[PDB]
Every structure is written in structure tokens, then in C-alpha cells.
Number of protein chains: 2
Amino acid sequence: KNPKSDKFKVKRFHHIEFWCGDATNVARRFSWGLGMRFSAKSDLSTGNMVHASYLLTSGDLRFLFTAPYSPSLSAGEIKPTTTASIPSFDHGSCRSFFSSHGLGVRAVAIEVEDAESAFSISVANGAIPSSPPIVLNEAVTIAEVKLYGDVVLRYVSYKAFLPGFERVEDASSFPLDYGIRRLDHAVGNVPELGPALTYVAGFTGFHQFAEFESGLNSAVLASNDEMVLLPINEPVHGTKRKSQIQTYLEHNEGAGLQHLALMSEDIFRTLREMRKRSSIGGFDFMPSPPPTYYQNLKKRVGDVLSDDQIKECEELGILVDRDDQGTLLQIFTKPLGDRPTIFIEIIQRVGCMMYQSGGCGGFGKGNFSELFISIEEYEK
Amino acid sequence: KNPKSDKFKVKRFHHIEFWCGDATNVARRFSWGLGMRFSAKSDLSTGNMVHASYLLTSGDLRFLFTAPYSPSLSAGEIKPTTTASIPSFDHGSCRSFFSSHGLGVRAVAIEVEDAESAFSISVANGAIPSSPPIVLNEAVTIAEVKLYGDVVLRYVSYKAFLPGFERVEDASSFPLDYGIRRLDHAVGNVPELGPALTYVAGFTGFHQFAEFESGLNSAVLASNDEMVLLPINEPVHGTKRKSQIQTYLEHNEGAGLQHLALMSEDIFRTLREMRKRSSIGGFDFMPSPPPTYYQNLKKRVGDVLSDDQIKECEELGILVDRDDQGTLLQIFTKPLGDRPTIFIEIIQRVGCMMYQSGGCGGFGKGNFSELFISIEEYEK
Ligand SMILES: Cc1c([C@H](O)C2[C@H](O)CCC[C@H]2O)ccc2c1c(=O)n(Cc1ccco1)c(=O)n2C
Ligand SMILES: Cc1c([C@H](O)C2[C@H](O)CCC[C@H]2O)ccc2c1c(=O)n(Cc1ccco1)c(=O)n2C
Ligand SMILES: [Co+2]
Ligand SMILES: [Co+2]
């Protein structure tokens with residue numbers, strides 16, 4: 001059931017912005033690790049004395065890495081004379097963010113029809129304003145409201161990347177590509193799911209995306225065409241294995257973004273290319289499941305991909321779940337940084353053709369039960 | 001003239017420690033970029049709740065990358081119960097360091113016979129104590145005194161990497177190597193060279209290493225066998241091209257480490273391997289000199305390396321200078337991070353054989369005049 005109750009017109013995910021202490025080093029590690037191209041910059045070379053910002057791109061996926069310069073570089077400026085290309089940026093907010101959380105996502109940015117309307121309707125419906133709408137170079141409008149923890153939902157709208165960014169020179173832009181094409185979903189961990197759901201659903205009009213005892217309870221908010229998907233988790237206390245959600249909240253100093261799920265047009269090529277570079281600057285993957293997993297996946301997805309492909313899934317350590325309209329392939333990286341907080345998910349969806357509809361396959365919650373069962377089978 | 005006046009027995013450079021906000025991402029960028037192996041760790045996986053520390057190695061070169069966890073992880077601990085493997089570490093000092101300077105070197109660590117004596121004699125001779133000597137696991141003694149800015153000279157001594165670090169598992173350690181073998185010199189920028197020289201020379205007994213109007217004035221302190229080399233720069237104000245030293249001090253918020261010079265056993269292989277990876281996660285190099293440089297280098301170093309090698313120097317953009325005992329090959333990277341502060345120098349020294357004596361060739365100051373002259377020649 002999709003009551004299509006969006007309070008403003010939303011399009012798709014536009015970019016994800018990381019706040020860090022050195023944008024250069026994070027951007028180059030991510031670029032090599034995920035096979036994303038260096039496509040735009042805003043920094044000293046472009047006259048920005050406030051923040052260094054570098055954009056990586058793969059397909060429609062846009063990763064933005066920003067860090068503050070010394071405030072002394074811009075001490076004579078005021079907000080009307082700023083040289084920041086992103087007007088919401090704040091030295092104190094960014095330093096406080098990185099030192100409280102470590103490396104992580106500051107903004108989940110969705111493109112909308114009208115960022116001023118989106119901000120107005122949002123706050124009129126309970127959103128906590130973060131940065132009021134500002135029109136950049138008569139071309140682009142940008143506005144921010146609080147999402148959870150210190151993460152903001154960022155609205156961007158185009159009358160026709162951002163003003164004041166520069167296209168990178170082709171000799172500095174190497175066309176890496178491991179198959180990743182767009183952001184599928186972005187997931188937050190909070191201490192209490194109920195109030196978090198109520199707040200966000202309340203100011204966007206996003207509806208609960210339907211689904212179908214380890215870790216969490218979760219629920220997925222979705223826009224009208226279910227292309228913008230925002231799952232949210234809370235811990236399940238009092239178990240025997242400590243919830244990784246509660247571990248997240250302890251090491252992250254509170255609520256925040258847990259994982260980004262990136263869609264690949266060919267998860268086999270992606271995971272081969274990423275695994276090649278794991279121990280030479282790229283990303284580590286979570287430990288593979290026992291072969292009993294792949295010894296049971298013929299009995300569940302054997303109509304969807306051949307035994308040659310299921311064997312190919314066994315080498316790369318890929319998980320496979322299934323809804324009632326589609327099948328989901330997925331795997332999880334180790335944490336992107338020092339703390340056991342944010343990680344990335346690689347996914348590919350098969351089914352639900354009309355274009356592919358959003359969320360085809362679900363999000364893999366079944367893989368929890370399948371994993372534990374596959375563990376016990378292997379053990380004995 | 002070498003009066004060999006060291007006030008305590010010094011051996012060689014032991015490691016360089018970077019303070020950052022995320023150790024993981026800097027370490028992986030440096031590892032791929034410079035061809036250094038991941039060899040030791042101290043972090044949550046090893047029971048350290050205070051700081052994450054990862055060591056990269058290439059030959060005798062040891063790069064340490066450290067960042068703080070949330071203080072909340074270790075709030076119950078006191079200095080006697082600490083789980084930090086490096087006792088000098090301090091959350092507040094490290095956060096304040098990264099937010100004031102951005103990415104940079106916190107410690108230049110030299111190995112000594114007796115770190116307690118080294119610290120005692122040092123402070124008795126004007127050194128500002130930074131961290132008193134502490135004996136780690138009855139095996140290693142560690143002590144710190146201020147060097148310049150927020151950089152400390154770190155003494156380490158072994159009765160027989162550090163206690164509480166772990167050897168990395170071979171499946172996580174990929175044996176990268178681009179030829180780099182040891183740290184040659186570490187260079188500081190200060191606002192006033194005179195007082196800086198007087199202070200450091202005063203508490204170490206290091207002597208002025210002999211040399212032989214753009215940029216700087218500099219002077220090199222050296223230990224008895226001139227293997228530990230600490231050059232220091234100050235700006236030359238009132239020119240026409242702004243001193244890069246003064247630019248350093250403005251963007252770094254004061255004095256600090258300017259460049260690390262890394263010796264390669266084969267600078268041609270090193271620079272080929274590093275240049276291959278420049279735009280896929282590695283390091284950028286400063287713009288090459290005009291071919292007029294290489295058109296004049298036959299007339300100055302033509303007795304040292306063939307015209308085939310001088311042509312090989314032209315492709316890689318390598319500089320060549322010459323003292324009266326040796327010849328120096330060198331090239332400079334772009335800044336390692338967001339700010340125009342720290343950069344790395346790759347060098348190889350030929351001559352002064354007895355083993356090779358320290359500083360063989362000098363440090364390339366002549367390449368300043370040669371560069372400007374080679375510019376003007378090309379232009380007309
Ligand atoms: C993050 C995740 C997901 C979903 O993506 C996520 C949805 O997006 C949104 C709501 C549900 C929520 O779970 C699904 C399966 C997972 C994991 C996951 O992190 N791990 C690793 C792990 C090891 C020990 C503890 O967790 C897994 O094993 N499985 C199977
Ligand atoms: C750092 C450096 C050195 C020495 O290593 C250093 C010694 O270690 C210790 C004392 C002297 C001191 O200069 C030598 C030659 C250099 C550079 C250097 O940074 N650049 C780049 C640049 C472009 C514009 C402004 O600077 C150069 O061109 N040349 C030729
Ligand atoms: Co997911
Ligand atoms: Co040098």
C-alpha cells in the first residue's frame with residue numbers, strides 16, 4: 001500500500017556529504033577503494049577560503065568530502081561576503097561533528113522541485129530547521145533540516161554540481177569505475193525508533209515501506225515512487241549478543257548514519273574489483289558466510305540465477321535474499337574508518353520490472369535468520 | 001668540521017607519527033601511495049580504548065598514524081590503568097592539534113641508548129618537557145620534549161615496534177614496496193630561525209652541518225655521525241614572490257614540520273611506481289622543470305650518470321644537485337593533505353663512500369638558482 005503522501009515533490013538522492021578532518025585523504029581512499037571518479041572541487045584553488053570540498057562520482061552516485069580550513073583564512077569575511085561554496089558550512093559545527101563522531105555522513109541530500117517550498121512545508125510540519133534556503137547564483141537553492149543526531153536532510157533544487165565548484169582537469173580525473181551506479185538507501189541508527197519515525201514521517205509525508213530476533217528493530221520510510229528510501233534502526237536490548245546498533249551508538253556518541261547502500265549494475269564485477277584492492281588501500285568486507293549458506297541457496301534462489309552464478313556468489317561472499325516480487329544480492333564492508341560505526345553495502349536488485357521499482361527484494365532482513373541457521377548447519 | 005658534541009648517544013630515526021582524525025583512511029592512502037606495508041596496529045581489536053594507531057613500514061622507514069577514539073570509551077581509566085599503548089597520547093592535545101593544524105607530524109622519534117638519560121640531560125639543557133620517561137613493559141622507554149610548534153622530539157630506547165602493538169595478520173598485510181628504505185631528514189618551518197636553532201642545538205648538542213635569494217634561510221642540525229639531520233627554515237620577508245615558508249606558517253597556524261625526505265635505493269623505480277598511482281589514490285608531484293633544466297644537467301652531472309639516465313630523469317621530473325663530495329637526486333610531492341603545509345621529498349644520494357656518510361650531496365639548495373635560470377632560458 002502506497003498512499004503517496006509526500007508533502008512536496010521529491011526526485012531522487014542527489015549526493016552524500018562526509019565531514020572529515022582532511023578531505024583529500026578520505027576522498028583518495030574512497031576513490032581508489034570504490035572506483036569513483038574525481039569530478040569536481042571547491043577549495044583554495046577555486047577561491048574557497050572556508051572549506052575544502054571534493055566530489056567523487058560513479059554513475060549517478062555523488063560522494064562529497066569536506067573539511068574545514070583554519071578559520072584565520074576567512075576571518076575578515078561575513079556570511080554575505082563568504083567564500084564558502086556551501087553556505088550551511090560552519091567551522092565550529094564541522095570540527096565539533098568530526099571530533100564527536102569521527103568520520104561520517106553529515107548530509108543526505110535529495111533533489112526536490114523547490115527547495116524553498118520543501119524547507120517551508122517541512123518546518124511547518126515539525127522539522128527542526130538547520131540552514132534556511134539560500135539561492136546560489138540564481139541557479140540552485142539549498143536548504144537543510146535536522147534528520148537524526150547531527151545528520152541533516154539536505155534539499156537541493158535546480159531552476160534549470162553546485163555553483164563555485166570547478167570541473168576537475170582531465171589529467172587529474174582518472175576514469176575509475178567498478179560498476180556502482182546510484183545510492184539505493186541510506187540508513188540511520190537511533191536510540192528510539194518510534195519518535196524517530198514519527199518526526200521524519202511527519203515533516204516529509206514519507207510512508208512506511210512494507211517488509212516481508214537478532215540485532216535491531218527497523219522500519220523504512222519511502223517517498224511516493226519509493227526511490228528515496230530511508231530505513232532507521234533501534235537496538236534490541238537484553239539479548240545475549242550485544243546489538244551492533246547499541247555498539248554503534250556508544251562508539252558514534254549517539255544517533256547517526258549507519259550504512260549507505262550503493263547499487264551496482266554488476267555486483268560480481270564490483271565485488272571482484274573492490275576485493276582486489278582491499279589490502280592495497282581499499283575497503284575490507286565482512287567475513288563470508290559458511291559454504292552451507294551457498295549449500296542452501298540453490299534451494300531458495302535456484303530459479304533466479306544459475307548454479308554457475310551461485311558458485312560465483314560463493315567466491316565473492318555475496319548474500320542473497322528474496323521478497324515476493326524480487327531478489328536481492330548484497331554484501332557489507334567493514335567499517336569505513338577507525339570506529340565501528342558507518343559501513344557501506346553493495347547491492348543489486350533483480351525483478352519488479354515495469355524501469356525497476358524501488359526496494360525490489362526488500363533489504364535482506366531474512367539473511368539474519370538464514371545466516372544463523374547456516375552457521376549451525378556448518379558447525380555440526 | 002664535526003665537533004661531535006651530542007649530549008647523549010643517538011642512533012637513527014626510529015619513526016614519524018602523524019596525528020589525524022581518522023587513522024584508517026590516512027594510513028591506507030599513504031600505504032598505496034608510497035608503497036608501504038601495514039605491519040603493526042594498536043586499536044580496539046588490541047584492547048586500546050584510547051587511540052587507534054597503525055604502523056606502515058618500508059625498509060627502515062616507519063610511519064605511525066594515530067587518531068583519538070571517543071573519550072567515553074576510556075572514561076573509567078586513569079593514567080595508571082590506561083589502555084593506550086602510547087602513554088604520551090592525550091585526547092585534548094590530539095584533537096586540538098588536528099583542528100589547529102590539519103593533518104601533520106606530531107612526533108619525530110629518534111632511537112637513543114637511554115631515553116631516561118636523554119630526557120634528563122635534554123631538559124637539564126633547556127628542553128621543554130612534553131612527556132616524562134615511562135618504561136613500557138620493562139622493555140622500552142619513551143620520552144618526549146618540545147621541538148618546534150606542537151611537534152615533539154621523541155626519544156625511544158630498547159634494553160634489548162612498541163609493547164601492546166600487534167603484528168598484522170599476513171592476509172591483511174600486502175607486501176607493497178616501491179623502493180623507499182629510510183628517513184633521510186625531517187625539516188621544520190619556524191617564524192625565527194635563530195632562536196629555533198639555539199634552543200634545539202642547546203639541548204641535544206647537535207652541530208651545524210655545513211652547506212655548499214628565493215624562499216627561505218635555513219640551517220641543518222646534525223648528530224655526531226650526521227645520520228639524524230634536522231633542517232629548519234624561516235621565511236625571507238619583503239620579496240616579490242611570497243615565501244612558501246610564510247605561506248606554510250599562515251595555513252598551518254604556526255611553526256611545524258614542513259617536509260619529510262625519504263631515501264630510496266632506486267629513485268627511478270620509486271618515482272615510476274608513485275607516478276603510476278598519483279591520480280588513483282596516491283600522491284601528486286610538483287610540476288616538472290623545463291627541459292632546459294635537463295638541457296643543462298649534462299653540463300653539471302654528466303660525469304655521474306649517463307645521458308640515458310639524465311633522459312630518464314627528464315621523464316620523471318627528478319632534480320639533481322651536487323655538493324663537493326656527492327650528488328643528490330630529489331623530487332617533491334604536492335602537499336599531503338588539504339592545506340599547503342606538509343609535503344614529502346624522495347631522494348637518493350650517490351658518493352661519500354667509506355657505508356655512505358650522512359648528507360652526501362647536501363639538500364639541493366642550488367636547485368633553486370638552477371630552476372629560476374632554467375625557467376628564463378626556456379622562456380626566451
Ligand atoms: C545492515 C544489514 C542489513 C540491512 O541492510 C539493514 C536494512 O538496510 C534496513 C533495515 C534492516 C537492516 O538490517 C541486512 C542484513 C545484514 C546487515 C548487516 O549489517 N549484517 C552484518 C552484521 C554482522 C553482525 C551484525 O551485523 C548482516 O549480516 N546482515 C545479514
Ligand atoms: C624543500 C626544497 C628543498 C630542500 O629540501 C630544503 C632542505 O631539505 C633543507 C634546507 C633547504 C630547503 O629548501 C630544496 C629545493 C627545493 C625545495 C622545494 O620545496 N621546492 C619546491 C618549491 C616550489 C616553490 C617553492 O618551493 C623546490 O623547488 N626546490 C628546488
Ligand atoms: Co541495507
Ligand atoms: Co629536503
# chains A, B, ... in the order shown; residues from 1 in each chain; ligands from 1
>>> interface_residues(of="chain A", to="chain B", cutoff="9 Å", atoms="only C-alpha atoms", output="MDAnalysis selection string")
chainID A and resid 20:33 35 37:38 43:44 52 67:70 72:73 95 98:103 171:174 176 250:253 278:282 336:339
>>> residues_around(residues="region 182-197 of chain B", least_positions_apart="3", cutoff="9 Å", atoms="only C-alpha atoms", output="number ranges by chain")
B: 13-16, 58-62, 108, 147-149, 200-202, 217-221, 227-235, 245-246, 248-249, 254-264, 347, 358-359
>>> residues_near_ligand(ligand="ligand 2", cutoff="6 Å", atoms="only C-alpha atoms and all ligand atoms", output="MDAnalysis selection string")
chainID B and resid 218 231 244 363:365 367:368
>>> select_by_dssp(residues="region 148-283 of chain A", states="strand (DSSP E or B)", output="ChimeraX atom specification")
/A:148,151-158,166-167,180-189,207-209,216-222,229-235,256-264
>>> select_by_dssp(residues="region 32-199 of chain A", states="helix (DSSP H, G or I)", output="ChimeraX atom specification")
/A:32-34,44-46,71-74,79-81,91-101,115-124,193-199
>>> residues_around(residues="residue 293 (chain A)", least_positions_apart="3", cutoff="7 Å", atoms="only C-alpha atoms", output="list in words")
residues 289, 290, 296, 297, 371 and 374 of chain A
>>> write_last_selection(atoms="C-alpha atoms", output="mmCIF file, in the first residue's frame")
data_model
loop_
_atom_site.group_PDB
_atom_site.id
_atom_site.type_symbol
_atom_site.label_atom_id
_atom_site.label_comp_id
_atom_site.auth_asym_id
_atom_site.auth_seq_id
_atom_site.Cartn_x
_atom_site.Cartn_y
_atom_site.Cartn_z
ATOM 1 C CA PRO A 289 29.198 -16.929 5.325
ATOM 2 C CA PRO A 290 29.875 -20.671 5.621
ATOM 3 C CA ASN A 296 21.204 -23.876 0.859
ATOM 4 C CA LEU A 297 20.896 -21.026 -1.652
ATOM 5 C CA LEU A 371 22.947 -16.707 8.421
ATOM 6 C CA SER A 374 23.679 -21.658 8.038
#
>>> residues_around(residues="residue 1 (chain A)", least_positions_apart="5", cutoff="10 Å", atoms="only C-alpha atoms", output="NGL selection string")
:A and (207-210)
>>> closest_residue(among="A:329, A:318, A:305, A:151", to="residue 361 (chain A)", atoms="only C-alpha atoms")
A:329
